[PDB]
Amino acid sequence: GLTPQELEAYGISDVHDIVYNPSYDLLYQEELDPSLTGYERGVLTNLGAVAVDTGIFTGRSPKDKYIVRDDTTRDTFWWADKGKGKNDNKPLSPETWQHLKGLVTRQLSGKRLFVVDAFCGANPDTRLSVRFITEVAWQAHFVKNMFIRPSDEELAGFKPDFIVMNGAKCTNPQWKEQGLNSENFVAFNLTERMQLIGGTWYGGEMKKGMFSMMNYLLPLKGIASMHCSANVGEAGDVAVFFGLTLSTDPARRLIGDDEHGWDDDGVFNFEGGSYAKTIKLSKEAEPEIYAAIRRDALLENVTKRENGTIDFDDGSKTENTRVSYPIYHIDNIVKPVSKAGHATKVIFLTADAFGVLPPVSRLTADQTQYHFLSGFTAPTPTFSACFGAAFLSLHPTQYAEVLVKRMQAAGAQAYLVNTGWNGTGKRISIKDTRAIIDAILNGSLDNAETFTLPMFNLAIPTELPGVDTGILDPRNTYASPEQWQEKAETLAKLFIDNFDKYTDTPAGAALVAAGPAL
Ligand SMILES: [Ca+2]
């Protein structure tokens, strides 16, 4: 357990009562307390899960994200204001940090507090010990769901490596003179190893804050940090999927759905739960997510009618309705620990609306870095570095380097899979895409004969069991190769223009040669 004197070390004082690592039953009773007001209030749905609302912030607030620039971060962080920039990693002065921290610790003084100790990372030897402090029971519930829940023996020797203080009820009135974006803040200090949240009640700021911090700490120690899903077959073969469901196969157990590391022991989930989107949720399309919505899940910003019925289609407040639940609400998972061995298949999924890319290509190592940095999908083009640009704390090339290092030590092979359209303008068939994923996962493409697609220089298998050979060359749905080249030329220009912002580093400049050629 925890004494008030222990929280006084952080600057909190006048502590009324500490609820330490609350159970799900305590959380349930606390959330439905009729004395709660405002955004603290929870509503019982007739699925048995509690639902809360988060007020004006129904998604992340990147314009309020700041990281203290100090001797720890000055020369390691990927700053918004250095190089090309193009990111949300805005530098914060150390003195303004002490003001923001004071706002939060003053707000948390004089209160009954919830303290949740948890792990980020499923491998004991590389995980981060995080202490979360809140004055709102459902915020404690969110972190209990989304991070790894320690056993009592683990709590007996728990020593936080990182503190997250949720001050949603407070704001910073001095923001304009301090040069900030608003009265809200999501701020990080890697010297003090703390995250502060002021003003925003969106639960994802806690989840993606710790992801951004793992994305700093891990690659600097040679551990890959990845925004991907990952699963494992009956023989223990691990695959990681970037982009875009295809992670779901009754014969492959889920390691995790969103955030993973790759250390000397293999692929590990960062999380203890899943934070799923629920807009237009259907039991037929997402049976596992739907079945997880029961007591101990926590719904966020969904519409609930007077009788407790949820309207999952109602996006009138936000399209970003969400539910969190601990990962064991999904049956087909790796357990009792969310980790496995080394990935030997890496699958980049892209929905190419231009109909240029092959249904499947086998990438070289430099092409793996290039397409990872690109993060392309399209039905209109978007790029996102590392399939997760908003959470990168280091330069994108640092993530690609450590990913390929771990792949090379495992003999892993990467594939680029177009789940989008072909030259007819029709979607690639889901049956073909499923046959492609099976052929990848069973190792049948790793040594297959290939042919090289011009311009993108992609190795394409000459045949694939269970698919008509005709679909494998994207030129075959065009009237001529020149007609494919003309569309390819337009897409290649998009890749090259997007990639240019990474070429002020030596690594980035060296990878241009692995991208498409006009
Ligand atoms: Ca995510």
Side-chain angles (χ1 to χ4, degrees), residues 76-78 87 89 119-128 147-148 161-162 190 207-232 236-243 247 254-271 334 337-349 363-375 384-416 502 505 507-508 510-511 514:
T76 52
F77 230 80
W78 184 37
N87 64 60
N89 293 328
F119 300 117
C120 190
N123 196 14
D125 281 351
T126 51
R127 63 192 176 186
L128 192 68
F147 292 90
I148 292 169
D161 299 309
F162 211 95
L190 283 290
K207 165 195 198 329
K208 292 301 188 182
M210 287 307 316
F211 189 42
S212 296
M213 295 298 98
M214 296 291 280
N215 281 331
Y216 178 77
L217 294 171
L218 268 54
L220 293 177
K221 291 194 333 289
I223 296 169
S225 200
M226 310 175 293
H227 197 208
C228 60
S229 67
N231 68 17
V232 57
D237 55 305
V238 175
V240 290
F241 300 79
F242 288 86
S247 191
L254 181 74
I255 296 168
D257 65 339
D258 194 54
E259 301 174 3
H260 291 82
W262 192 349
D263 64 18
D264 291 346
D265 300 344
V267 177
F268 57 94
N269 194 346
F270 286 180
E271 310 190 279
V334 178
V337 180
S338 297
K339 69 186 194 68
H342 294 276
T344 46
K345 302 285 172 281
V346 176
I347 295 168
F348 291 165
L349 305 162
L363 303 184
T364 68
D366 288 352
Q367 283 170 340
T368 301
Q369 294 199 56
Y370 186 95
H371 287 280
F372 183 59
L373 294 169
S374 295
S384 181
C386 309
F387 296 93
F391 315 117
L392 305 183
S393 291
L394 306 170
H395 194 270
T397 57
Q398 284 172 260
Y399 297 92
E401 291 170 332
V402 61
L403 169 64
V404 169
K405 176 196 66 168
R406 293 292 181 185
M407 287 175 62
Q408 287 181 328
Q413 185 54 259
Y415 293 85
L416 180 60
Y502 310 122
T505 62
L511 287 164

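Position 1 is the first residue of the sequence, and the numbers go up from there.
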Given side chain to side chain contact (heavy atoms under 4.5 Å, CB included), test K345 with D237 step by step and report yes or no.
CA-CA 8 Å; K345 302 285 172 281; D237 55 305; over 6 Å; no
Could you walk me through whether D161 and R127 satisfy the side chain to side chain contact (heavy atoms under 4.5 Å, CB included) test, starting with their C-alpha distance in whole Å, then the side-chain angles of each, then the deciding distance to 0.1 Å, before giving a yes or no?
CA-CA 10 Å; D161 299 309; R127 63 192 176 186; over 6 Å; no
Dump the intermediate steps for side chain to side chain contact (heavy atoms under 4.5 Å, CB included) on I148 and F268, then the final yes or no.
CA-CA 12 Å; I148 292 169; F268 57 94; over 6 Å; no
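Checking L254, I255, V267, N269 one by one against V334, the side chain to side chain contact (heavy atoms under 4.5 Å, CB included) holds for a single residue, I255. Under the side chain to side chain contact (heavy atoms under 4.5 Å, CB included) rule, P219 has a single partner from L392, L394, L403, which is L394. For the ring-ring contact (aromatic ring centres under 6.0 Å, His included) criterion with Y216, the lone passing option out of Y399, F77, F211, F162 is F77.
Smallest separation of non-hydrogen atoms from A514 and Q367: O-CG, 3.6 Å. The two residues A385 and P396 have their closest heavy-atom pair at CB-CG, 3.9 Å. Minimum heavy-atom separation, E259 to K207: OE2-NZ, 2.9 Å. Shortest non-hydrogen contact noted between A507 and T397 is CB-CB, 3.9 Å. For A410 against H342, the heavy-atom pair with the smallest separation is CB-CB, 3.9 Å. Shortest non-hydrogen contact noted between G222 and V402 is O-CG2, 3.5 Å.
With rounding to the nearest 0.5 Å, the separation of CH2 in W262 from CG in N123 is 14.5 Å. To the nearest 0.5 angstrom, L416 atom CG is 9.5 Å from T368 atom OG1. Between atom OG1 of residue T126 and atom CG of residue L217 there is a gap of 11.5 Å, rounded to the nearest 0.5 Å. Taking NZ of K221 as the reference point, atom CG of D263 lies at 8.5 Å (rounded to 0.5 Å). If you take CG on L373 and NE2 on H395, they are separated by 8.5 Å, rounding to the nearest 0.5 Å. One distance of note links CG of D258 with NZ of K208; it measures 4.0 Å at 0.5 Å rounding.
Between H227 and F391, the ring planes are perpendicular. Angles over 60° get that label, and only those under 30° would be called parallel. Classification of the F387-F242 ring pair by plane angle, with boundaries at 30° and 60°, yields tilted.
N215 and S393 share no donor-acceptor pair across their side chains, judged by distance under 3.5 Å alone.
Between the side chain of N89 and the backbone N or O of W78 there is at least one donor-acceptor pair closer than 3.5 Å. Under a 3.5 Å cut-off, the side chain of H260 and the backbone N or O of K339 do not form any donor-acceptor pair. Panel note: side chain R406, backbone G266; no donor-acceptor pair is recorded below 3.5 Å. A distance-only check finds a donor-acceptor pair linking the side chain of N231 to the backbone of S247 [under 3.5 Å].
A 4.5 Å side-chain heavy-atom check between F147 and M210 finds at least one atom pair inside the cut-off. When side chains are defined from C-beta on, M214 does not count as touching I223, because their heavy atoms never get closer than 4.5 Å.
The aromatic ring centres of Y370 and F372 sit 6.0 Å or more apart.
Applying the salt bridge (charged side-chain N to carboxylate O under 4.0 Å, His left out) definition to pairs two or more places apart or across chains, none involves residues 209-219.
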